[PDB]
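*Asks:* Take this structure, written in structure tokens, and hold onto it; I'll ask about it next.
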Amino acid sequence: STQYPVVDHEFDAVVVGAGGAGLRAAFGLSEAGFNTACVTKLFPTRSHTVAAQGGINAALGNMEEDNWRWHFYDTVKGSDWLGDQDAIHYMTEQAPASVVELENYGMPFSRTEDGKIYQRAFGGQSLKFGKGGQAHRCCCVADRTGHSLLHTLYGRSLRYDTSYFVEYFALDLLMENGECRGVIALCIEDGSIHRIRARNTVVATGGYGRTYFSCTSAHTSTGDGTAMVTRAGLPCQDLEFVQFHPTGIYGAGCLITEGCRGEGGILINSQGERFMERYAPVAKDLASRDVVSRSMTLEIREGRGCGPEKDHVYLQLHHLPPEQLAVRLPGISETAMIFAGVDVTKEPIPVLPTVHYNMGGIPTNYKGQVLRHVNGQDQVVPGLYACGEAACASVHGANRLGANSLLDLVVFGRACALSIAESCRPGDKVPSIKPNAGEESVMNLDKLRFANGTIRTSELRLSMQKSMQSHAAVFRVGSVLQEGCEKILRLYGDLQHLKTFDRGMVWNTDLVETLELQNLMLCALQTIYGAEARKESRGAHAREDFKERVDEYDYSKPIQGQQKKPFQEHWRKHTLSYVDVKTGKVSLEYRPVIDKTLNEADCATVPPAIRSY
Amino acid sequence: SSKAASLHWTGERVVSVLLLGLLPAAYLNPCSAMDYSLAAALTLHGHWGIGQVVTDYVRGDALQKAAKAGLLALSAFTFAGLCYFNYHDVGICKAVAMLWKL
Amino acid sequence: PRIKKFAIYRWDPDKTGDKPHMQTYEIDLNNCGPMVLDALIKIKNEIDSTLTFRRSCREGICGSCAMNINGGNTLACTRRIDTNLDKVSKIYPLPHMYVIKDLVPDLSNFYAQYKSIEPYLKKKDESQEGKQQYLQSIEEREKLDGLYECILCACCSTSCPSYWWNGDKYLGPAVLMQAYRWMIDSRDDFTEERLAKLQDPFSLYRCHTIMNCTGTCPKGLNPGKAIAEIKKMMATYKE
Amino acid sequence: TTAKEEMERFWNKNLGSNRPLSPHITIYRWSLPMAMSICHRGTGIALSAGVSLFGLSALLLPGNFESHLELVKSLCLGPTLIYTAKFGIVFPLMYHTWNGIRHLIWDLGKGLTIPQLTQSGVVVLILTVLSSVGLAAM
Ligand SMILES: *Cc1cc2c(cc1C)nc1c(=O)[nH]c(=O)nc-1n2C[C@H](O)[C@H](O)[C@H](O)COP(=O)(O)OP(=O)(O)OC[C@H]1O[C@@H](n2cnc3c(N)ncnc32)[C@H](O)[C@@H]1O
Ligand code: HEM
Ligand SMILES: O=C(CC(=O)C(F)(F)F)c1cccs1
Ligand SMILES: O=C(CC(=O)C(F)(F)F)c1cccs1
Ligand SMILES: O=C(O)CC[N+](=O)[O-]
Ligand code: SF4
Ligand code: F3S
Ligand code: FES
């Protein structure tokens with residue numbers, strides 16, 4: 001310690017992450033008049049949202065008549081009723097205004113003949129509450145909506161006085177008596193340490209797909225934000241619910257937007273059957289992500305692969321007009337060729353269900369405020385917010401509806417900014433900080449910095465990934481899960497036998513990738529454990545032991561003469577997980593899901609029903 | 001505001017097409033007139049030409065300012081020298097002519 | 001067994017008196033990915049984890065890879081390794097740029113330049129923004145195709161000789177193209193002032209139509225073709 | 001911080017440091033277009049030098065053009081040298097000429113594609129040789 005001089009900055013608010021969520025939160029705070037700081041370990045534009053292709057949902061009604069309430073319904077249903085309906089209400093109702101806000105910012109949306117934002121079909125989205133038929137509200141910029149979303153947002157941010165700490169690694173939250181005072185980070189450029197303290201902190205660090213071996217996410221999705229919350233002793237929610245995306249190149253795991261299916265493409269097994277019509281008649285190829293992949297992954301078992309080892313499947317687009325694939329899916333054509341070597345206009349792309357999205361994250365309020373659990377009740381953590389994939393207001397619940405994440409980013413990124421602007425004023429007193437705050441972080445830094453262990457960082461990460469890949473995949477059971485838990489808890493122990501080689505102060509990717517490992521582990525522990533404990537099948541989480549949807553009641557048959565099971569007797573509740581940073585001991589609890597909306601009169605609550613597409 | 005940079009750009013193109021039409025014109029119709037306009041465009045075009053090379057490679061207020069100055073001189077003595085030649089001598093056209101059937 | 005040789009540029013800022021030098025690495029291509037980045041990641045995790053370089057999407061759309069591979073600027077995660085074991089791949093940092101460490105260049109000036117063109121929509125009346133979606137015919141929209149796909153890798157600009165010699169005052173291909181992206185967006189109302197911002201001898205006019213930029217874009221875009229369009233507008237707009 | 005301040009910070013940080021400049025011309029792969037780009041200047045420069053030498057000589061040196069020509073006639077002028085020198089003068093002029101035409105066409109915004117680029121380059125190169133040998137015999 002004290003070998004690393006510390007620089008102290010002082011702002012009104014701090015935003016960790018410059019993705020869609022972070023970015024919107026940041027300039028949204030400055031637009032409000034707050035001296036905002038934004039910490040990112042990557043150049044804002046390198047953020048993961050750039051990879052987004054599908055689009056962003058919004059009941060604009062450009063293709064046909066629509067009602068954000070139908071969007072509401074589709075989303076709550078798609079969550080298998082583990083999603084908090086109050087947040088889902090807020091998100092879907094704000095969607096239209098949020099999308100128009102983006103277009104007015106300059107986002108180059110694809111147009112219709114009326115000159116309005118072009119929208120398109122997508123996974124499980126209907127009209128008139130699942131009765132009116134396939135809906136078309138997935139707004140999009142050709143096939144590179146994410147890339148365009150992030151860029152326009154970034155551009156728009158240059159318009160304000162926000163101080164962007166580029167390529168800075170957030171180490172930990174500056175906590176003090178249950179209140180957040182800011183963050184402490186490592187300036188990758190010169191290896192110095194900075195304590196950015198503020199009145200409010202917003203965590204938008206993205207997901208942690210990298211906890212697995214095969215994922216569609218970038219090498220940077222290491223759940224660093226989740227870890228911080230965990231290190232602070234705060235709970236993380238539903239980390240077990242990991243979304244497996246159907247279409248993912250057998251190779252590197254790169255993604256091929258579901259927009260392909262919505263635009264017309266299909267999925268074909270070895271025998272040539274459009275299986276996605278057998279497992280789900282109505283929705284077919286265009287059903288929930290959790291179901292559609294659960295299908296394919298299954299077909300592989302029966303022995304129906306479409307390549308050498310019959311391990312994957314085949315995504316088809318061929319029958320679509322070559323021009324359409326050029327105006328609606330130009331982005332996939334490229335990578336499909338570059339990573340697979342295929343002419344989509346005349347050949348189907350090789351895809352396989354791979355890790356993709358994380359519904360779980362930091363417990364959140366529909367206002368973006370982080371929650372902690374006290375005496376079985378929610379409590380707002382003073383000066384701490386979270387949004388995006390890293391957050392879990394849980395508008396996705398047990399399964400995220402395609403094209404709902406980008407919306408989530410923009411909506412709650414705005415919500416966080418608004419909650420802060422509505423609860424305080426710029427210039428208010430910025431909390432004190434002990435002259436030793438963050439000392440633990442620096443020490444841990446210094447430690448790994450000169451690690452002379454026996455295990456290489458890469459070796460360890462590889463052990464964790466393949467372990468998660470084998471014990472916590474699309475299908476699981478107590479046996480496979482428990483071996484995984486102890487298997488992963490075992491690796492966590494090895495974090496003290498790790499070897500690092502680089503020891504400079506400038507760009508020590510060796511040091512940071514290790515720091516990221518520490519984070520990935522904390523996420524894996526909570527994912528695998530919360531997974532073994534959840535004995536039921538809801539959304540993405542499918543147990544062979546319990547292929548049942550254990551709710552408070554049995555919503556299949558009527559409800560009245562039936563008795564309500566005790567809270568701790570059913571599984572329609574969020575998983576709250578903690579972990580002793582020092583031993584890796586996972587302890588977990590649960591809290592109810594919110595079923596009431598913001599206004600029964602404007603948007604009625606949708607009671608749990610049978611899950612089926 | 002003033003569009004100096006853009007106008008200079010177009011100016012270059014103009015004398016460029018002009019010096020392009022003169023070469024042929026100077027062949028089909030050799031005359032004192034041609035020898036002068038050919039000397040004007042030849043030196044001007046060359047002046048703006050080297051100019052670009054100067055602003056490109058010469059870094060620093062001191063040097064570029066001087067370079068530009070020295071360039072202006074060379075150009076001046078060049079156009080004058082050519083006009084002198086067209087007046088008190090054969091003229092560039094007939095000079096080329098003579099020089100070839102040699 | 002198929003060993004491939006890799007010559008890589010290196011430089012440690014925290015190693016007194018260290019000077020730029022090439023370090024060769026060997027890799028069994030059967031135990032690796034098809035792209036150059038895969039090789040980098042491999043020697044990173046097994047041979048020498050002191051090798052530093054930027055990366056993220058490994059999908060070719062974030063633009064973190066930008067580096068010179070065999071004399072050409074491209075994306076390491078998209079450029080497939082030369083299976084010709086006889087040839088030794090040469091990896092260098094982006095051309096004429098300050099090296100922070102190994103293959104990591106300082107793109108601060110690059111980004112700063114992008115900011116100077118105000119890459120965002122500007123309406124004369126912003127009192128009604130946020131309530132209605134602006135209209136734009138599919139025709140007006142097609143004009144953006146080939147412009148908005150820019151990933152900002154800096155591969156083009158960092159391949160332009162003019163940017164090499166005057167990167168301080170010359171905006172470069174990347175930035176200039178985006179300026180054009182905003183110039184022809186039917187929704188923007190500051191076309192005239194966007195052009196006026198280029199009324200000096202460096203920002204735009206350092207471009208001598210060399211065309212290296214376009215000949216190296218990892219996304220098959222055409223900056224040069226765009227620079228030319230700007231020039232034409234520059235000499236024909238009024239006021 | 002503004003764009004300008006950011007630029008100022010950039011230079012103040014790098015100029016005053018032990019940071020090295022990554023190689024460029026020494027490592028970048030040569031391409032016909034790049035090469036033809038260099039030659040345009042070179043020729044343009046050499047061409048201007050010639051014209052200036054002709055103008056200045058006309059002001060400082062004595063005697064008329066003929067005094068200078070006859071001066072060369074009586075210099076054992078070998079035919080397979082009078083043509084050589086005549087070619088060397090026509091070569092750079094023609095190259096620059098044709099490539100210049102190409103440059104103008106580009107300003108109109110045409111032919112600015114990699115494919116179209118190589119074609120025009122070859123053409124300009126061919127026209128150069130033809131017009132050169134052609135003129136060296138007029
Ligand atoms: C993986 C993926 C996801 C995806 C998609 C394609 C791919 C390949 N396509 C989508 C689509 O077409 N439509 C849609 O509705 N969703 C799609 N998704 C899912 C969605 O894009 C993601 O969930 C979302 O983009 C996540 O956004 P978020 O803003 O939360 O996160 P991020 O962009 O991943 O950025 C993370 C930011 O945090 C900073 N960071 C991270 N760790 C640190 C530390 N330690 N210190 C400082 N900063 C940190 C990053 O630098 C970054 O800015
Ligand atoms: C046949 C007639 C000619 C045409 C059509 C022509 C055309 C051009 C064009 C289009 C350029 C600009 C290139 C660019 O964009 O960078 C140029 C530059 C130049 N030309 Fe010519 N030119 C001609 C004759 C000459 C002659 C006879 C000379 C010699 C005195 C000359 C000297 C130059 C120089 C020095 C440059 C500057 C090149 C640079 O920017 O480095 N040109 N010419
Ligand atoms: O008769 C002429 C004149 C001519 O082409 C020019 F006038 F120079 F353009 C020439 C004779 C030898 C070379 S050019
Ligand atoms: O200064 C240069 C660059 C040059 O020669 C190189 F391209 F770098 F090889 C040039 C400027 C105008 C045409 S070439
Ligand atoms: O993430 C998803 O399930 C669908 C969106 N993406 O475009 O494919
Ligand atoms: S134009 Fe092409 S090279 Fe130049 S940054 Fe945009 S992507 Fe890269
Ligand atoms: S290399 Fe440059 S010089 Fe012009 S064409 Fe492309 S910007
Ligand atoms: S890492 Fe993203 S483009 Fe190559």
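Chain lettering (A, B, ...) mirrors the order of the structure tokens, residue numbering begins at 1 for each chain separately, and ligand numbering begins at 1 in order of display.
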Using 10 Å as the limit and counting only C-alpha atoms and all ligand atoms, can you tabulate each residue of chain B that touches ligand 2, with its shortest atom-to-atom distance in Å and the two atoms involved, as JSON lines?

*Replies:*
```
{"residue": "B:9", "atom": "CA", "partner": "ligand 2", "partner_atom_place_in_ligand_line": "15 (O)", "distance": 9.3}
{"residue": "B:12", "atom": "CA", "partner": "ligand 2", "partner_atom_place_in_ligand_line": "12 (C)", "distance": 7.6}
{"residue": "B:13", "atom": "CA", "partner": "ligand 2", "partner_atom_place_in_ligand_line": "10 (C)", "distance": 6.4}
{"residue": "B:14", "atom": "CA", "partner": "ligand 2", "partner_atom_place_in_ligand_line": "10 (C)", "distance": 9.4}
{"residue": "B:15", "atom": "CA", "partner": "ligand 2", "partner_atom_place_in_ligand_line": "6 (C)", "distance": 8.5}
{"residue": "B:16", "atom": "CA", "partner": "ligand 2", "partner_atom_place_in_ligand_line": "7 (C)", "distance": 5.0}
{"residue": "B:17", "atom": "CA", "partner": "ligand 2", "partner_atom_place_in_ligand_line": "5 (C)", "distance": 5.7}
{"residue": "B:18", "atom": "CA", "partner": "ligand 2", "partner_atom_place_in_ligand_line": "5 (C)", "distance": 8.0}
{"residue": "B:19", "atom": "CA", "partner": "ligand 2", "partner_atom_place_in_ligand_line": "2 (C)", "distance": 5.3}
{"residue": "B:20", "atom": "CA", "partner": "ligand 2", "partner_atom_place_in_ligand_line": "2 (C)", "distance": 4.3}
{"residue": "B:21", "atom": "CA", "partner": "ligand 2", "partner_atom_place_in_ligand_line": "2 (C)", "distance": 7.9}
{"residue": "B:22", "atom": "CA", "partner": "ligand 2", "partner_atom_place_in_ligand_line": "2 (C)", "distance": 8.3}
{"residue": "B:23", "atom": "CA", "partner": "ligand 2", "partner_atom_place_in_ligand_line": "1 (C)", "distance": 6.8}
{"residue": "B:24", "atom": "CA", "partner": "ligand 2", "partner_atom_place_in_ligand_line": "1 (C)", "distance": 9.2}
{"residue": "B:38", "atom": "CA", "partner": "ligand 2", "partner_atom_place_in_ligand_line": "27 (C)", "distance": 9.6}
{"residue": "B:39", "atom": "CA", "partner": "ligand 2", "partner_atom_place_in_ligand_line": "30 (C)", "distance": 9.8}
{"residue": "B:41", "atom": "CA", "partner": "ligand 2", "partner_atom_place_in_ligand_line": "27 (C)", "distance": 8.9}
{"residue": "B:42", "atom": "CA", "partner": "ligand 2", "partner_atom_place_in_ligand_line": "30 (C)", "distance": 5.7}
{"residue": "B:43", "atom": "CA", "partner": "ligand 2", "partner_atom_place_in_ligand_line": "30 (C)", "distance": 6.5}
{"residue": "B:44", "atom": "CA", "partner": "ligand 2", "partner_atom_place_in_ligand_line": "30 (C)", "distance": 8.7}
{"residue": "B:45", "atom": "CA", "partner": "ligand 2", "partner_atom_place_in_ligand_line": "33 (C)", "distance": 6.5}
{"residue": "B:46", "atom": "CA", "partner": "ligand 2", "partner_atom_place_in_ligand_line": "32 (C)", "distance": 4.7}
{"residue": "B:47", "atom": "CA", "partner": "ligand 2", "partner_atom_place_in_ligand_line": "35 (C)", "distance": 7.2}
{"residue": "B:48", "atom": "CA", "partner": "ligand 2", "partner_atom_place_in_ligand_line": "37 (C)", "distance": 7.1}
{"residue": "B:49", "atom": "CA", "partner": "ligand 2", "partner_atom_place_in_ligand_line": "37 (C)", "distance": 3.4}
{"residue": "B:50", "atom": "CA", "partner": "ligand 2", "partner_atom_place_in_ligand_line": "35 (C)", "distance": 4.8}
{"residue": "B:51", "atom": "CA", "partner": "ligand 2", "partner_atom_place_in_ligand_line": "37 (C)", "distance": 7.5}
{"residue": "B:52", "atom": "CA", "partner": "ligand 2", "partner_atom_place_in_ligand_line": "40 (O)", "distance": 5.1}
{"residue": "B:53", "atom": "CA", "partner": "ligand 2", "partner_atom_place_in_ligand_line": "41 (O)", "distance": 4.8}
{"residue": "B:54", "atom": "CA", "partner": "ligand 2", "partner_atom_place_in_ligand_line": "41 (O)", "distance": 8.6}
{"residue": "B:55", "atom": "CA", "partner": "ligand 2", "partner_atom_place_in_ligand_line": "40 (O)", "distance": 9.8}
{"residue": "B:56", "atom": "CA", "partner": "ligand 2", "partner_atom_place_in_ligand_line": "41 (O)", "distance": 8.5}
```

*Asks:* Atoms to include: C-alpha atoms. Write the selected residues as a PDB file, in the first residue's frame.

*Replies:*
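again_24.pdb was written with the following content:
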```pdb
ATOM      1  CA  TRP B   9      -9.186  24.468 -53.833  1.00  0.00           C
ATOM      2  CA  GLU B  12      -6.359  24.978 -58.367  1.00  0.00           C
ATOM      3  CA  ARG B  13      -8.689  22.676 -60.303  1.00  0.00           C
ATOM      4  CA  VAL B  14      -9.534  25.486 -62.720  1.00  0.00           C
ATOM      5  CA  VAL B  15      -5.960  26.334 -63.711  1.00  0.00           C
ATOM      6  CA  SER B  16      -5.430  22.563 -63.760  1.00  0.00           C
ATOM      7  CA  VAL B  17      -7.984  22.091 -66.536  1.00  0.00           C
ATOM      8  CA  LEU B  18      -6.716  25.297 -68.124  1.00  0.00           C
ATOM      9  CA  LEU B  19      -3.098  24.148 -68.234  1.00  0.00           C
ATOM     10  CA  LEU B  20      -4.576  20.917 -69.573  1.00  0.00           C
ATOM     11  CA  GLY B  21      -6.210  22.656 -72.511  1.00  0.00           C
ATOM     12  CA  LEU B  22      -3.171  24.791 -73.287  1.00  0.00           C
ATOM     13  CA  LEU B  23      -0.670  22.011 -74.000  1.00  0.00           C
ATOM     14  CA  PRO B  24      -2.759  20.766 -76.944  1.00  0.00           C
ATOM     15  CA  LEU B  38       1.191  29.007 -71.017  1.00  0.00           C
ATOM     16  CA  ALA B  39       3.744  30.776 -68.823  1.00  0.00           C
ATOM     17  CA  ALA B  41      -0.728  28.833 -65.889  1.00  0.00           C
ATOM     18  CA  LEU B  42       2.555  26.919 -65.853  1.00  0.00           C
ATOM     19  CA  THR B  43       4.013  29.064 -63.065  1.00  0.00           C
ATOM     20  CA  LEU B  44       0.790  29.647 -61.126  1.00  0.00           C
ATOM     21  CA  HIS B  45      -0.172  25.974 -61.050  1.00  0.00           C
ATOM     22  CA  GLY B  46       3.370  25.126 -60.015  1.00  0.00           C
ATOM     23  CA  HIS B  47       3.259  27.767 -57.298  1.00  0.00           C
ATOM     24  CA  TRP B  48       0.102  26.406 -55.679  1.00  0.00           C
ATOM     25  CA  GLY B  49       1.562  22.960 -56.235  1.00  0.00           C
ATOM     26  CA  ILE B  50       4.772  23.359 -54.255  1.00  0.00           C
ATOM     27  CA  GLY B  51       2.657  25.312 -51.798  1.00  0.00           C
ATOM     28  CA  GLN B  52       0.723  22.181 -50.879  1.00  0.00           C
ATOM     29  CA  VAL B  53       3.989  20.260 -50.501  1.00  0.00           C
ATOM     30  CA  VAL B  54       5.246  22.983 -48.164  1.00  0.00           C
ATOM     31  CA  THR B  55       2.268  23.222 -45.813  1.00  0.00           C
ATOM     32  CA  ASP B  56       2.465  19.430 -45.802  1.00  0.00           C
TER      33      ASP B  56
END
```

*Asks:* Grab me every residue within 7 Å of ligand 6, counting only C-alpha atoms and all ligand atoms, and send it over as an NGL selection string.

*Replies:* :C and (150-157 or 173-174 or 213 or 216-223)

*Asks:* Name the residues, by chain letter and number, that sit within 6 Å of ligand 3 using only C-alpha atoms and all ligand atoms, and give them as a list in words.

*Replies:*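 Answer in the requested format: residues 23, 26, 27, 30, 93, 96, 97, 100 and 101 of chain B; 138 of chain D.
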
*Asks:* Among segment 80-326 of chain A, which residues does DSSP mark as strand (DSSP E) when it is run on the backbone? Keep the chain and numbering as in the structure and answer as a ChimeraX atom specification.

*Replies:* /A:119-127,133-139,163-166,168-176,179-187,192-197,200-203,236-237,242-245,266-268,314-316

*Asks:* List the neighbours of residue 181 of chain C out to 12 Å using only C-alpha atoms; skip same-chain residues closer than 3 positions along the sequence, and give me the result as number ranges by chain.

*Replies:* A: 106-108; C: 117-121, 140-150, 174-178, 184-188, 191, 194, 222-223, 226-227, 229-230

*Asks:* Find, counting only C-alpha atoms and all ligand atoms, the residue in C:59, C:139, C:200, C:106 that gets nearest to ligand 1.

*Replies:*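 Closest to ligand 1, using only C-alpha atoms and all ligand atoms: C:59.
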
*Asks:* What residues in segment 42-246 of chain A get the DSSP label helix (DSSP H, G or I)? Please answer as a VMD selection string.

*Replies:* chain A and resid 44 to 46 48 to 51 68 to 78 85 to 105 145 to 157 209 to 211 224 to 231

*Asks:* 7 Å from ligand 1 is the threshold here; counting only C-alpha atoms and all ligand atoms, which polymer residues fall inside it? Answer as a ChimeraX atom specification.

*Replies:* /A:16-22,39-44,47-49,51-56,145-146,168-171,204-207,216-218,220-225,254-255,257,356-357,387-390,402-407,409

*Asks:* Counting only C-alpha atoms and all ligand atoms, what residues are within 6 Å of ligand 7, given as a PyMOL selection string?

*Replies:* chain C and resi 160+162+172-173+207-213+224

*Asks:* Deliver the residues from the most recent selection as a file, using N, CA, C and O atoms, as a compact mmCIF listing (two decimals), in the first residue's frame.

*Replies:*
```
# COMPACT_ATOMS: atom_id res chain seq x y z
N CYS C 160 -3.48 6.75 -43.30
CA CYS C 160 -3.35 7.90 -44.18
C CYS C 160 -2.07 8.69 -43.94
O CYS C 160 -1.84 9.20 -42.84
N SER C 162 -1.19 11.60 -44.85
CA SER C 162 -1.47 12.98 -44.47
C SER C 162 -1.78 13.06 -42.98
O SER C 162 -1.45 14.04 -42.31
N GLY C 172 -8.57 13.66 -40.54
CA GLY C 172 -8.48 12.26 -40.92
C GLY C 172 -9.74 11.73 -41.57
O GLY C 172 -10.80 12.34 -41.45
N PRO C 173 -9.67 10.58 -42.27
CA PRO C 173 -10.79 9.93 -42.96
C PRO C 173 -11.97 9.59 -42.06
O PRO C 173 -13.11 9.97 -42.34
N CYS C 207 -6.09 16.09 -47.34
CA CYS C 207 -6.38 14.87 -48.09
C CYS C 207 -6.04 15.07 -49.56
O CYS C 207 -6.61 15.94 -50.22
N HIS C 208 -5.12 14.26 -50.06
CA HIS C 208 -4.71 14.35 -51.46
C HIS C 208 -5.20 13.15 -52.26
O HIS C 208 -4.60 12.78 -53.27
N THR C 209 -6.29 12.56 -51.81
CA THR C 209 -6.91 11.42 -52.47
C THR C 209 -5.95 10.24 -52.67
O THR C 209 -5.87 9.67 -53.76
N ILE C 210 -5.22 9.88 -51.62
CA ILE C 210 -4.28 8.77 -51.68
C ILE C 210 -5.04 7.45 -51.72
O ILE C 210 -4.61 6.48 -52.36
N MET C 211 -6.18 7.41 -51.02
CA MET C 211 -7.05 6.24 -50.97
C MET C 211 -6.63 5.04 -50.13
O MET C 211 -7.17 3.95 -50.31
N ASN C 212 -5.67 5.20 -49.22
CA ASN C 212 -5.28 4.06 -48.40
C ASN C 212 -6.42 3.73 -47.44
O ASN C 212 -6.72 2.55 -47.21
N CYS C 213 -7.05 4.76 -46.90
CA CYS C 213 -8.14 4.59 -45.96
C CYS C 213 -9.15 3.56 -46.46
O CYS C 213 -9.36 2.53 -45.83
N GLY C 224 -12.57 7.89 -48.36
CA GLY C 224 -12.15 8.72 -49.48
C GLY C 224 -13.31 9.20 -50.33
O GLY C 224 -13.45 10.39 -50.59
```

*Asks:* Residues of chain A near chain D: apply a cut-off of 9 Å, count only C-alpha atoms, and supply the list as a ChimeraX atom specification.

*Replies:* /A:158,161-163

*Asks:* Produce a file of the selected residues containing N, CA and C atoms, as a PDB file, in the first residue's frame.

*Replies:*
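Generated output (part-v7.pdb):
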```pdb
ATOM      1  N   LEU A 158     -21.369  13.866 -25.631  1.00  0.00           N
ATOM      2  CA  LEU A 158     -20.308  14.846 -25.860  1.00  0.00           C
ATOM      3  C   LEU A 158     -20.854  16.256 -25.691  1.00  0.00           C
ATOM      4  N   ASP A 161     -21.179  18.407 -19.948  1.00  0.00           N
ATOM      5  CA  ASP A 161     -19.967  18.564 -19.147  1.00  0.00           C
ATOM      6  C   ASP A 161     -19.601  17.357 -18.287  1.00  0.00           C
ATOM      7  N   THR A 162     -20.030  16.170 -18.696  1.00  0.00           N
ATOM      8  CA  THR A 162     -19.727  14.963 -17.937  1.00  0.00           C
ATOM      9  C   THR A 162     -18.241  14.628 -18.049  1.00  0.00           C
ATOM     10  N   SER A 163     -17.627  14.286 -16.921  1.00  0.00           N
ATOM     11  CA  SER A 163     -16.212  13.928 -16.888  1.00  0.00           C
ATOM     12  C   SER A 163     -16.091  12.418 -17.052  1.00  0.00           C
TER      13      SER A 163
END
```

*Asks:* Determine which residues of chain A sit within 7 Å of chain C, taking into account only C-alpha atoms, and present them as a ChimeraX atom specification.

*Replies:* /A:45-46,50-51,97,100-101,103-106,111-113,115-116,152,155-156,158,218-220,254,338,458,501-502,504-507,509-510

*Asks:* For chain C, which residue out of D:72, D:36, D:81, D:123 is the nearest one, using only C-alpha atoms?

*Replies:*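 The closest residue to chain C is D:36.
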
*Asks:* Can you list, as a compact mmCIF listing (two decimals) with C-alpha atoms, in the first residue's frame, every protein, DNA or RNA residue that comes within 12 Å of residue 20 of chain C when you count only C-alpha atoms, leaving out same-chain residues fewer than 6 positions away?

*Replies:*
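Contents of the output file selection07.txt:
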```txt
# COMPACT_ATOMS: atom_id res chain seq x y z
CA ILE C 8 5.23 -9.04 -32.45
CA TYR C 9 6.16 -5.46 -31.58
CA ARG C 10 6.84 -4.80 -27.90
CA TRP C 11 7.71 -2.02 -25.46
CA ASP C 12 7.42 -1.84 -21.68
CA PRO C 13 6.97 1.68 -20.21
CA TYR C 92 2.64 -3.86 -35.19
CA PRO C 93 0.64 -1.10 -33.44
CA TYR C 98 2.20 7.11 -29.63
CA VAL C 99 2.57 3.67 -28.07
CA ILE C 100 1.30 3.40 -24.51
CA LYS C 101 2.56 -0.17 -24.27
CA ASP C 102 3.07 -2.97 -26.82
CA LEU C 103 0.16 -2.98 -29.28
CA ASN D 18 9.42 8.31 -23.25
CA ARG D 19 6.61 7.02 -25.47
CA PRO D 20 7.76 5.77 -28.90
CA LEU D 21 6.05 6.33 -32.25
CA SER D 22 4.91 3.07 -33.83
CA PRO D 23 6.60 2.53 -37.23
```
